[PDB]
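Chains as they are written, first to last, in my numbering: chain S, 1 to 11; chain R, 1001 to 1289; chain A, 2001 to 2325; chain X, 3001 to 3222; chain D, 4001 to 4111.
C-beta atoms are modelled at their ideal positions from N, C-alpha and C, and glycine is treated no differently.
Down below is the structure, laid out as structure tokens.
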């Protein structure tokens, strides 16, 4: 839906 | 104000660690001039130092609108160094726990196996393993620009026609393994068995040579669990609709919480008990026959 | 006689021992005689104690045998003790010890680590004090065994692993062996199977049946002799081989058991410790044994136990490199 | 180092009397002092190996005693086959030193030796039989014409240790052939002072107790 | 540890000697140090006690004959000899009563 990146933290 | 506490704690972490790491590494090779224990402490100190080498960039990133005015290429290198140093620190804490288990319980086979060449080869093996874990996770990295928020979007949706959306769980799950299955379980079991093992052997002498095992594991777990639980929360978010912009603000704190034990390792493993800068000969006599 | 003595860093409490070498007979251990000399002063109310400790240094310090004797306030006196009493004077307090049997011998692992014995004297009102190193003596003694006069039976082994499945038989010239003496083996082989042998591997190992918390059987080869002999089916081959274990080629090896060391000087290979028939097997100490393998790869092998010890000395072992430095 | 001095330089006596030879040690050494008897034109023979213990084979008439550093040799009776030179030797340190000599008035075979021009090289072989190289220590001792015995080099194959005298360090090399049970001494840069009778002798590797067996002699003239 | 002492010489009979015994590198304190004699061809025996306080005990053969005193200021032990008998000739050593010091060369006296 919103397609949040999901990298608010370092990989 | 939410980002303010993360920024101030992250700044305190740098102040606690960078002087601390420098103090440690400056005497890892000077304490007794060498030993395998100081060697592993030295290499863990390196891991923490380069972990905090790119930390200023990250703390600048997280505080102000999560915008990244460092080009587009530097996301890859920053993520690579951060993840590699994080895994290196975790694995080195695990191998220190294993060394404690070996040297405390039945310290009989350690003497013929604690060779310097073995330490060098295991260090090389662990470094290459960390590098080969970091490779695929850092090579697949990019950046999306959504209103000045040029976050380092790696490939979280539809990298290439060759790739699919099947990575989104697995790349985290094995990640969740390296952060939960290996460190947490092994540290817990080794620490517990060493704890009640010394009870029956009475080797536990209280004060020095003890009282340290408890703190090192609780801080590690409380710092490292939030990251993996947030990854699992994102995996949950992937399905069952999106649960709103709520949360996801403690992550700078949680990683900052992670930052905390990065400045805790130099202060307690090596700055305890032993510190330096902080029998006549047998003769003979006469005897009447 | 030239009795041995050691003085503490403090100007008192000298300890006299006739010899720092106690023969460990199979059934009994030689008593630790001797006297301790102390001035009339500095002992107005305090009491003198002498402690014999059997430890297992591996750096903590695991304790095996602890014995304590009270000398001044209070058994017959030996001939050596009587002479020491006459020479030193009235202010000499004799002390005697009786080491229980089946205790581990003095032996260390080459890098210290191993089994060491120490005689320590005390000056305190009781045993519940944290005495300093200055007001004490730490003299290391030894408890070693020597080769028995009666020779043992000749070792023999046999294996029939794959007509006739690769008959193998080995024997030794004699059971007893001295340090440095060559070892002769027999590799009499009567092969009958179609498979042929390529290399004959003959090696002498040094078992360390050593237990601290769990039993272990570490394997340390001491000597190798590669053979380039091959045989044909239905053929007979038999020739003798010569082996001589020594420390010169075993310096690089880690964990090798070496004889007890008074100081940082080097010693030879640890002598095999022979025990009594039966008895307990959980002795918390280093247990050294030797045997030679005859391995024929194509992999049949045999085991030939033997004892490597020293003959009975005449006067005393020097316990040091006689041409030192 | 340690210099050993013998009080009687030349002693004269008859048959059937008690003679005493006094040996003084420069340093406070232990009872590790050995006594040797050398007939003219023959290798020295060990008599006492611990300053108090008599070697097996020699008559009981010989005896020794120690008091501080006062090692001495006492002979109860002087038999006709007793007139020889007696040397006092200590073996508590690597630079073993022999006495100045007191005049009273298993086979080892050495090979090689001869007229060698100065600055040349020569190799001496010591055929040893009846014992193992690893179970014994081979020592090389030279005797200048008219002078006392002097230690040259030694090898301990068990520990792989080789020792050389300060006057032959580097120029001399000692090796042992375990397969042939032969000890080899290599002589290089021959100066004028090397003219001496060289003896190859073997001593027990474990618990050194003096030089039990001696060679014959392969004197080198330069 | 050097244990250098002097004061021995040719005395006919009944002559004062006043031997000295100075120790360098070791502190007297409460350590009791005695005097020892070695007759020629014999062993070493005890002469006095010379403790920190004043309680002097001498051998049976030497009673009211030898006077011993020690002063800690210059770290030296003093011994007196009077009425020399002809059996009193010997090499006089001096170290701790516990014999915790190296046996240095001692002075030789004759009667």
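Would you verify that the beta carbon of residue 1001(R) is, or is not, closer than 8 Å to some beta carbon of chain A? The residue you call residue 1001(R) lines up with position 1 of the second chain. Cβ-Cβ to chain A under 8 Å: no for residue 1001(R).
Between the beta-carbon of residue 1039(R) and the beta-carbon of residue 1083(R), is there less than 8 Å? Here residue 1039(R) refers to the residue found at position 39 of the second chain. Here residue 1083(R) refers to the residue found at position 83 of the second chain. No, these two residues do not count as a Cβ contact at 8 Å.
Please determine whether the Cβ atom of residue 2044(A) lies at a distance below 7 Å from any heavy atom of the ligand COA. The model on display carries no ligand, and the ligand COA is accordingly not part of it.
Here's the rule I'm using: 16 or more other beta-carbon atoms within 10 Å means buried, otherwise exposed. How should residue 2386(A) be labelled? Here chain A has residues from 2001 to 2325 only, and residue 2386(A) is not among them.
Might you give, ordered along the chain, the residues of its own chain that have their beta carbon closer than 6 Å to the beta carbon of residue 2194(A), omitting 5 neighbours on each side? Stepping through the third chain from its first residue, residue 2194(A) is reached at position 194. Cβ within range, chain order: 2233.
Chain-ordered residues of the segment 2031-2059 of chain A with a beta carbon less than 8 Å from chain R: 2058
Neighbour list for residue 3031(X) in chain A, Cβ cutoff strictly below 7 Å: Residue mapping note: residue 3031(X) aligns to position 31 of the fourth chain, counting from 1. 2002, listed in chain order.
If you draw a straight line from the alpha carbon of residue 2015(A) to that of residue 1020(R), how long is it in whole angstroms? Locating residue 2015(A) in the third chain gives position 15, counting from the first residue. Locating residue 1020(R) in the second chain gives position 20, counting from the first residue. Residue 2015(A) and residue 1020(R): Cα-Cα distance of roughly 50 Å.
Which residue wins for smallest C-alpha separation from residue 1230(R), given the options 1274(R), 1173(R), 1109(R), 1160(R)? Locating residue 1230(R) in the second chain gives position 230, where the first residue counts as 1. When each option's Cα is compared against that of residue 1230(R), the closest is 1173(R).
Please name the residue or residues paired with residue 4035(D) in a DSSP beta bridge. Stepping through the fifth chain from its first residue, residue 4035(D) is reached at position 35. DSSP lists 4094(D) as partners of residue 4035(D).
At the level of alpha carbons, what is the spacing between residue 2213(A) and residue 2154(A)? In the third chain, residue 2213(A) corresponds to position 213, counting from 1. In the third chain, residue 2154(A) corresponds to position 154, counting from 1. If you take the alpha carbons of residue 2213(A) and residue 2154(A), they lie about 35 Å apart.
Just how far apart, CA to CA, sit residue 4065(D) and residue 4041(D)? Numbered from its first residue, the fifth chain carries residue 4065(D) at position 65. Numbered from its first residue, the fifth chain carries residue 4041(D) at position 41. Distance between the alpha carbons of residue 4065(D) and residue 4041(D) is about 23 Å.
Relative to the C-alpha of residue 2103(A), which residue among 2225(A), 2115(A), 2094(A), 2261(A) is closest? Walking along the third chain from the start, residue 2103(A) turns up at place 103. Nearest option by C-alpha distance: 2115(A).
Starting from residue 3048(X), trace the beta strand (DSSP E) both ways and give me its first and last residue. The residue labelled residue 3048(X) in the question sits at position 48 within the fourth chain. Element bounds for residue 3048(X): 3044-3048.
Enumerated in chain order, which unbroken segments of the beta strand (DSSP E) with a length of 3 residues or greater are wholly contained in the segment 1052-1115 of chain R? Counting whole runs of 3 or more residues, the segment 1052-1115 of chain R contains no beta strand (DSSP E) stretch at all.
Can you give the Cα-Cα distance for residue 1086(R) and residue 2058(A), rounded to whole angstroms? By one-based count along the second chain, residue 1086(R) stands at place 86. By one-based count along the third chain, residue 2058(A) stands at place 58. Their backbone Cα atoms lie some 35 Å apart in a straight line.
Should residue 2256(A) be labelled buried (16 or more other beta-carbon atoms within 10 Å of its own) or exposed? Your numbering for residue 2256(A) matches position 256 in the third chain. So residue 2256(A) ends up on the buried side.
From 2046(A), 2003(A), 2305(A), 2083(A), residue whose alpha carbon lies closest to that of residue 2204(A): Locating residue 2204(A) in the third chain gives position 204, where the first residue counts as 1. Residue 2204(A) has its Cα closest to that of 2305(A), out of 2046(A), 2003(A), 2305(A), 2083(A).
Suppose you measure from the CA of residue 1955(A) to the CA of residue 2147(A); what does that come to, to the nearest Å? One cannot answer for residue 1955(A) here, as it falls past the ends of chain A, which runs 2001 to 2325.
Within its chain, find whatever has a CB closer than 7 Å to the CB of residue 2138(A); leave out the 5 residues flanking it on each side and keep chain order. Walking along the third chain from the start, residue 2138(A) turns up at place 138. The residues are 2118, 2120.
Three-state secondary structure assigned by DSSP to residue 2226(A): Taking the third chain and counting its residues from 1, one reaches residue 2226(A) at position 226. Three-state result, residue 2226(A): strand.
What does residue 1106(R) touch in chain A if you count any residue whose Cβ is under 7 Å from its own? Taking the first residue of the second chain as position 1, residue 1106(R) is located at position 106. Chain A residues near residue 1106(R): 2212, 2213, 2214.
Given residue 4043(D), which residues of its chain have a CB within under 8 Å of its CB, disregarding the five upstream and five downstream residues? Here residue 4043(D) refers to the residue found at position 43 of the fifth chain. For residue 4043(D), where only same-chain residues beyond five positions count, there are no Cβ hits under 8 Å.
Could you list which residues in chain D have their beta carbon closer than 9 Å to that of residue 2013(A), in chain order? Against the third chain, residue 2013(A) aligns to sequence position 13. Within 9 Å Cβ-Cβ: 4098, 4100.
Can the beta-carbon of residue 3091(X) be found closer than 8 Å to that of residue 3098(X)? Position 91 of the fourth chain, counting from 1, holds the residue named residue 3091(X). Position 98 of the fourth chain, counting from 1, holds the residue named residue 3098(X). No, the pair does not count as a contact, with Cβ atoms beyond the cut-off.
Looking at residue 2298(A) and residue 2201(A), is the spacing between their C-beta atoms short of 8 Å? Numbered from 1 along the third chain, position 201 holds the residue referred to as residue 2201(A). Numbered from 1 along the third chain, position 298 holds the residue referred to as residue 2298(A). Pairing residue 2201(A) with residue 2298(A) gives a Cβ-Cβ distance that is not under 8 Å.
Quick one: Cα of residue 1017(R) to Cα of residue 1051(R), how far? The count along the second chain starts at 1 and reaches residue 1017(R) at position 17. The count along the second chain starts at 1 and reaches residue 1051(R) at position 51. Their backbone Cα atoms lie some 10 Å apart in a straight line.
Status (buried if at least 16 other CB within 10 Å, exposed otherwise) for residue 1116(R): Position 116 of the second chain, counting from 1, holds the residue named residue 1116(R). Counting Cβ neighbours within 10 Å, residue 1116(R) comes out exposed, since fewer than 16 surround it.
Please classify residue 1048(R): does DSSP put it in a helix, a strand, or coil? As a first step, residue 1048(R) is located in the second chain; it is residue number 48 there, counting from the start. Helix at residue 1048(R).
Euclidean distance between Cα positions of residue 1066(R) and residue 1081(R): In the second chain, residue 1066(R) corresponds to position 66, counting from 1. In the second chain, residue 1081(R) corresponds to position 81, counting from 1. Going by the C-alpha atoms only, they are around 19 Å apart.
Where does residue 3106(X) land, buried or exposed, given buried means 16+ other C-beta within 10 angstroms? Position 106 of the fourth chain, counted from the first residue, corresponds to residue 3106(X). Per the 10 Å Cβ criterion, exposed.
Keeping to the same chain, check which residues put their C-beta closer than 6 Å to that of residue 2006(A); ignore five residues upstream and five downstream. Taking the first residue of the third chain as 1, we reach residue 2006(A) at position 6. Closer than 6 Å at the Cβ level, and outside the excluded window around residue 2006(A), lie 2015, 2137, 2139.
Apart from the five residues on each side of it in sequence, which residues of its chain come closer than 6 Å, Cβ to Cβ, to residue 3121(X)? If you number the fourth chain from 1, residue 3121(X) lands on position 121. Exclusion of the five residues before and after residue 3121(X) leaves 3188 as the residues of its chain whose Cβ lies within less than 6 Å of its Cβ.
Please give the ranges of any alpha helix (DSSP H) in the segment 3174-3219 of chain X, keeping only runs that are unbroken, at least 4 residues long and fully inside the region. none
What does a CB cutoff of less than 6 Å around residue 3003(X) pick up in its chain, not counting 5 residues either side in sequence? Reading the fourth chain from its first residue, position 3 is the one you call residue 3003(X). Closer than 6 Å at Cβ, skipping near neighbours: 3026.
Mind the definition here: the segment 3006-3015 of chain X touches the segment 2216-2224 of chain A only if three or more C-beta pairs lie below 8 Å; say whether that holds. no
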